[PDB]
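> This one's experimental. Sequence and coordinates below.
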Amino acid sequence: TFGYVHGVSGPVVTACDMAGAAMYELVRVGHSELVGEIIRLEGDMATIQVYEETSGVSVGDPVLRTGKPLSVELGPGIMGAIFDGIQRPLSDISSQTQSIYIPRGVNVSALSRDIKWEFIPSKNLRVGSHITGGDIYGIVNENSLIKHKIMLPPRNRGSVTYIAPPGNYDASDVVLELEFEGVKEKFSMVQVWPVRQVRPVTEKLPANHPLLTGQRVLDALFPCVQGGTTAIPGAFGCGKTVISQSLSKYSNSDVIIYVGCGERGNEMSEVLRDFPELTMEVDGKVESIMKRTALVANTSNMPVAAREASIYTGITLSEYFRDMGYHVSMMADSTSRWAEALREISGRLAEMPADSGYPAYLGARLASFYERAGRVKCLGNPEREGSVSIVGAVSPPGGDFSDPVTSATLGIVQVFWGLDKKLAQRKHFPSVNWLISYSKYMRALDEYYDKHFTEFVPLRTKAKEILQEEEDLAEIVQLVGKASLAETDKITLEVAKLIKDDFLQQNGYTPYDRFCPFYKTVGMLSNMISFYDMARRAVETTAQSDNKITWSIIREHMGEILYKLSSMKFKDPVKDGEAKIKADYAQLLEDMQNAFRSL
Amino acid sequence: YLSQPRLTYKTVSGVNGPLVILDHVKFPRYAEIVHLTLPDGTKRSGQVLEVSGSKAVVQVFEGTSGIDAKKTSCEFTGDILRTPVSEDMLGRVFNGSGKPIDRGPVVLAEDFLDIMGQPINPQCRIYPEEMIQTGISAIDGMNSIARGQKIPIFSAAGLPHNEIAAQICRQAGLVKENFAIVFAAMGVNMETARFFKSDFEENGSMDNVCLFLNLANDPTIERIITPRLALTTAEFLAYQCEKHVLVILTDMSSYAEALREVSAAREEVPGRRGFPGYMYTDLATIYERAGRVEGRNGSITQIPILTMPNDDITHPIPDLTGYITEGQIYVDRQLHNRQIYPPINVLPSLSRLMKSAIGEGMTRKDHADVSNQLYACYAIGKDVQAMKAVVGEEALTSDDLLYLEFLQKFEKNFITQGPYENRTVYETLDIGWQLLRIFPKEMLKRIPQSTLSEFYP
Amino acid sequence: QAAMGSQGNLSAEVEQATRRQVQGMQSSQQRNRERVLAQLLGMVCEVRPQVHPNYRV
């Protein structure tokens, strides 16, 4: 049957004559085919949110119904392209229309129906065997960097009847036919999945491997774990987008899905421009990093309703690739934008408001979304171990942490990277407020450091204590000037200041600091702490002597050595061997030892 | 192509505030534009906000007054708001709704364009990379204007921002054109309007300026449509004609006031400080018309001007303006009290596009490093001044004296500037190096060794 | 006096230019008047009766 457009108001549309409808069913409204979802029923009337700008819609316009809920088409061809809030390849659309603007009711296939794909069936696939879901039954070298696997969709089982031979195949060509109870059914290399349904798993597993970030600050002090979760609040201009870009460029993961919702499209242009040039080395081959990334975008000026759809689509794709046997991370940008969209839709429904005008179920939705993370043993007889990590970014209005959005997110994630506006004002570009930041993955990670970098463990603790002690003095320094403190205090203050100016600071846009390997950070911290304790012990041992070593004497003795220690950060990961920089650090340490003993 | 007669109504079923509810409309259209006739001889216009059943709701762009539920009539054109536009609008001055006030004829249109525009597909937009010289050292030296960006101008009441706009639009150029100006004024004093007009007439480029005006006496609701129209004209000239158009808006805060008033009339969800909950989306819609496009050589740059109610920054208007735009140029009353003709507090004035328009090929390799170093040194100058304020002169050290000296000389030379001068970029860099030379070689920790080994002496 | 001479001259040439422009304008107008009128009259005569696509029975 077909409904009719009883009334319109903003992005919401009431439709009569919809007796057979149900919640969360896709619908089409207008003479143009505007996609939407149902959100409220009342007798024969219904309510529809629409993902297109609403204008030029009459009453009584026909409305079509379909029993399919919102879904995404999953398969090859995804990477290297870009999609809208709903699954719609922008590049294909732009080639189709030959214009600048997106048509109001453009409708094109999610994936190409003409590209050909090589195929290799499994070496254990015999006629009459059973796989009962989750088993890979073929391989496709979609791109040189990453090879797409195809597995039986879940909730499927039955004996093998037909197997496609090795070779080339286009979409919708019969790959595998399966017979269970006298019913025959065919599958291709593309399938469908509802967006809001959680993909089943065999079991969730604990985190056991660190996920590096390429920043001296984050890896050293507030590390994140593979398969974990986190959030990054902070006012505008604190460089959240920069951190997201750096993580996407230099992670340890295989595949990265960047979901930008409600931002400038110039960021999308930056991603489109920079990533193709940059290359990364695995398997003895150098490949443009676009092959290992997929991009979902929703510019700010687009209609409000699509934004939730974008956030859901992104995690659905991440899920599909976690099932594939890879570690993947996500860059969820500005989930507060999603909150804003919820606020608007609830506003047009005359629903009772909650704190700060947001709907009541904001917390529930955020918890449900962030729960999907975690390491996973997957379904299937050939066991694989995958994982999903979500690195969310929050944008609290006013720059404080009182809005319900941020407080809600704090109660779910395990790692928290606060940013402070004054620090970014300082041009301390990676503005991380170590004081407020914290991480709850300190445990279940000490084994990794004990197995590789055992010395790092005391070192970081010492640095943290030094930072805290600096803070604990700074207020009394500010209230009352100097010349009222012991030598140890001023020494600790000054070394903490140099830590601040050098170690914490990191300019990722110079060619030589775009990325910092972990061992460089370890060596830097080792040199710093060695110098600190050596100086402190030296001055302490002369406390009761006839010649008390003061800080001015230390400066006169070691100004040039301090200068070299400051310039220590000028070590390019390329064009300079690991061995030579390590030897340079060792030689500097020996110099520090000699200068101390000479005194 | 429409060929049917219009429909005419007298069924005015109600009125409430700036809204009018009609009844028994036959297939009403969302966002339809409607004319109407007051009982006297005047005529008004409006737009449909929502529809339900046979009922309809409209909003009068120029305030409701004296409308009679029995006598007035209405006229349903059946189309969304669409404007005339032609290349010849250049040289002409309009009020709100585009009506001529320069005593010329009606607008003879080449084309009719939808006001609301369309989003630009991110796939087919080119990232800006070109550097627009500006002649003010506080902007070029330590920030960057690029062809295509949309940086706003934070300002406060009474502070001298209008001549900053005049100066930036007077001597715009490219480091080594036309710059058709479109200048929309939303609820501003007559004095500033005449000031801008006189300045453009003095500049002698009156052949390249299309104006839109709205004094504070004009109807309140008109302001919501005032800027979109000018932006549509600019877009026409930018994309269908591949011209380089610069755009300037006077007061976004007035537009925000009009919007809060409209939303409050309808009793919609409030957020921070009595604003509409969705003001973010509309600000995005207005601000996002910018950046060049694949295959065409035109360009759209925006320098909107908005006024914080007071020195507070967390007020929602400037906050969301910061969220959308990729930076901002701050103006501080403190410098104005000290009579520095550009009162630009360089510190809070971050711009985001200094990446791709600076370095070898464009200006020099050392530009970014000197700007960063100057940031650090100026900041330490502020901090030591704060320390001075509490401890006293005699408790300081030599380093403090050096930093205070740097602060004084920097504000004396780099920022302080003539109203009509025109500084080249290289002169600004030379000034920066002169300032840097005050510090010893060793204190410059934001510069690589390779650069100071060549440029420090 | 130099400025007055320059301005009087400039007023003369610009007036000349405008008169030339409007003369050429009329010259372009006079040759293409009937075709447009035929088109408008033909559109006027056209009816194409129809009812709203949304009408129901």
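Arrived safely, thanks for sending. Numbering: from 1, shown residues only, chains lettered A, B, ... in the order given.
> ok and the residue in chain C nearest chain A?
residue C:54 (4.5 Å; Cβ to the nearest Cβ). Every residue, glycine included, has its C-beta placed from N, CA and C.
> how many other residues sit next to that residue?
15 (other Cβ atoms under 10 Å in any protein chain shown).
> Could you give the backbone dihedrals for the nearest residue to it once chain neighbours are set aside?
Computed as Cβ to Cβ, 6 or more residues apart in numbering or on different chains, the closest residue to residue C:54 that is not its neighbour in sequence is residue A:60, at 4.5 Å. Residue A:60 adopts backbone torsions of phi 60, psi 10, taken as degrees, to the nearest 10.
> if I pick residue A:60, what's in contact with it?
A:4, A:5, B:27, C:54, C:56 (Cβ atoms under 8 Å, 6 or more residues apart in numbering or on different chains).
> if you set the cut-off to 10 Å instead, what comes out?
Taking Cβ atoms under 10 Å, 6 or more residues apart in numbering or on different chains, we find residue A:60 in contact with A:3, A:4, A:5, A:6, A:16, A:17, B:27, C:52, C:53, C:54, C:55, C:56.
> does the last one really touch residue A:61, like I thought?
So the one you mean is residue C:56. No - using Cβ atoms under 10 Å, residue C:56 makes no contact with residue A:61, being 11.9 Å away.
> Please identify which of these two sits among more neighbours.
residue A:61 (21 against 6).
> Can you check which residues contact both of residue C:56 and residue A:61?
Common neighbours of residue C:56 and residue A:61 (Cβ under 10 Å, 6+ apart) are residue A:4.
> Single out the residue in the stretch 301-450 of chain B that lies closest to chain C.
For the stretch 301-450 of chain B, Cβ to the nearest Cβ, closest residue to chain C: residue B:420, 22.5 Å.
> how much space is there between residue B:212 and chain C?
According to Cβ to the nearest Cβ, to the nearest Å, residue B:212 stands 27 Å off from chain C.
> now swap in residue B:280 and tell me
Residue B:280 sits 35 Å away from chain C, going by Cβ to the nearest Cβ.
> shouldn't that residue be in contact with residue B:286?
No - using Cβ under 10 Å, residue B:280 makes no contact with residue B:286, being 11.3 Å away.
> what about those two, which has more around it?
Between residue B:280 and residue B:286, counted using other Cβ under 10 Å, residue B:280 has the larger neighbour count: 24 against 19.
> Now do the same contact list for the more buried one.
A:262, A:300, A:304, A:336-337, A:340, A:344, A:397, B:271, B:316, B:319-320, B:323-324.
> Likewise for residue A:418?
Contacts of residue A:418 were listed using Cβ under 10 Å, 6+ apart, and they are A:222, A:231-234, A:238, A:401, A:431-438.
> how far away is it from residue A:540?
If you measure residue A:418 against residue A:540 using Cβ to Cβ, to the nearest Å, the figure is 35 Å.
> Tell me how many other residues crowd residue A:545.
Residue A:545 has 8 nearby residues by other Cβ under 10 Å.
> Phi first, then psi, for it.
The phi/psi pair for residue A:545 (degrees, to the nearest 10) is phi -80, psi -180.
> With just CA atoms, put stretch B:309-320 into PDB.
Output in PDB follows, covering the C-alpha atoms of stretch B:309-320 (Å, rounded to 0.1, in the frame of the first residue of the first chain):
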ATOM      1  CA  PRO B 309      28.300  41.500  23.600                       C
ATOM      2  CA  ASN B 310      31.200  42.100  25.900                       C
ATOM      3  CA  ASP B 311      34.800  40.900  26.400                       C
ATOM      4  CA  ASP B 312      33.400  37.400  27.200                       C
ATOM      5  CA  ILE B 313      34.400  34.700  24.700                       C
ATOM      6  CA  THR B 314      32.300  31.800  25.900                       C
ATOM      7  CA  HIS B 315      29.200  33.600  24.700                       C
ATOM      8  CA  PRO B 316      27.600  31.200  22.200                       C
ATOM      9  CA  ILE B 317      27.800  33.400  19.100                       C
ATOM     10  CA  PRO B 318      31.600  33.800  19.000                       C
ATOM     11  CA  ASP B 319      32.000  30.200  20.300                       C
ATOM     12  CA  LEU B 320      30.100  28.700  17.400                       C
END
